[PDB]
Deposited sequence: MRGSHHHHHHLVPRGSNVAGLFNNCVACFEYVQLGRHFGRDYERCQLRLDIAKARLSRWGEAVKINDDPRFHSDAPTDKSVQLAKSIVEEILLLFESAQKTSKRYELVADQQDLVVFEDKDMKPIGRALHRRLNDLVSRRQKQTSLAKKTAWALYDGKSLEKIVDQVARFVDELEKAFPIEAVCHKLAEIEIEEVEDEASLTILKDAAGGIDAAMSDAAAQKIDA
């Protein structure tokens, strides 16, 4: 029975985002809430790239030696419990909701600028990453996932000597986005979740 490791759990955490839909009560806020999730996911995938998660055998063992890797193992476990909690919360709502409320947005409900950005952010992570849909029905559950994953990645970044590397990665994620309207959107949406992306974008808009 071959036990769990940091890379495996980490790949799981990234994949949890793929399955999330946003319910009708997001309303006009759908577009930016979806981008906040994409950014939370961008930031998590960046950490893996920065620590070279797929090459370093330390993230592939059941019983890691380093405190740092042991810390990462716990954090990634805790991200998974976060998504498991949200999944239960969604299921309790679906148990009780009428049909009109069990409706979700799709990215075609985003303006062309947010949708291009949504797809860029999603492609960016699938480029790095060598179950069943479910919905977030209220803003509070989404903010919990965004804020807590930001917090978790804060401490994932703290445990490793990778800050210069994370800033470099964030700067080259943004090289493909050239237009001021889009750079502005990322600057806004990376607000309080991905300071490295926000700063990379702010730098571009004003130079």
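Chemist: Which parts of the deposited sequence lack C-alpha coordinates?
Modeler: No C-alpha coordinates exist for 1 to 12, 143 to 148.
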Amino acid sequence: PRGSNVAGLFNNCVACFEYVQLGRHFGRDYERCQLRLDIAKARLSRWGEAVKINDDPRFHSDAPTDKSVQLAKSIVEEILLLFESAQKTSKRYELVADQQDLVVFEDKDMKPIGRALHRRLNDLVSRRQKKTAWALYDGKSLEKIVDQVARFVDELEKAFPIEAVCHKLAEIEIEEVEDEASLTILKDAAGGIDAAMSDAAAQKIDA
From here on, numbers count along this sequence of modelled residues.
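Chemist: Look up the CA B-factors in the entry and say which stretch, 19 to 27 or 180 to 188, has the higher mean.
Modeler: The stretch with the larger mean CA B-factor is 180 to 188.
Chemist: Got a sec? Mean C-alpha B-factor, which is higher, 85 to 93 or 108 to 116?
Modeler: If you average the C-alpha B-factors of 108 to 116 and of 85 to 93, the larger mean comes out for 108 to 116.
Chemist: Which listed residue, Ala72, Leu136, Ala133, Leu80, has the largest C-alpha temperature factor in the record?
Modeler: When the deposited C-alpha B-factors of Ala72, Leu136, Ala133, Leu80 are compared, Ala133 is largest.
Chemist: Looking at the temperature factor on the CA atom of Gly48, which third of the chain's modelled residues does it land in?
Modeler: Its C-alpha B-factor, which the entry lists for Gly48, ranks in the lowest third among residues of this chain.
Chemist: Taking the entry's C-alpha B-factors for this chain, is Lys41 in the lowest, middle or highest third?
Modeler: CA B-factor rank for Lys41: lowest third.
Chemist: Looking at the C-alpha B-factor of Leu124, is it in the lowest, middle or highest third of its chain?
Modeler: CA B-factor rank for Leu124: highest third.
Chemist: Compared with the other modelled residues in the chain, in which third is the CA B-factor of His167?
Modeler: Tercile = highest for this residue's CA B-factor.
Chemist: By its CA B factor, does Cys33 count among the lowest, middle or highest third of the modelled residues in the chain?
Modeler: Lowest third.
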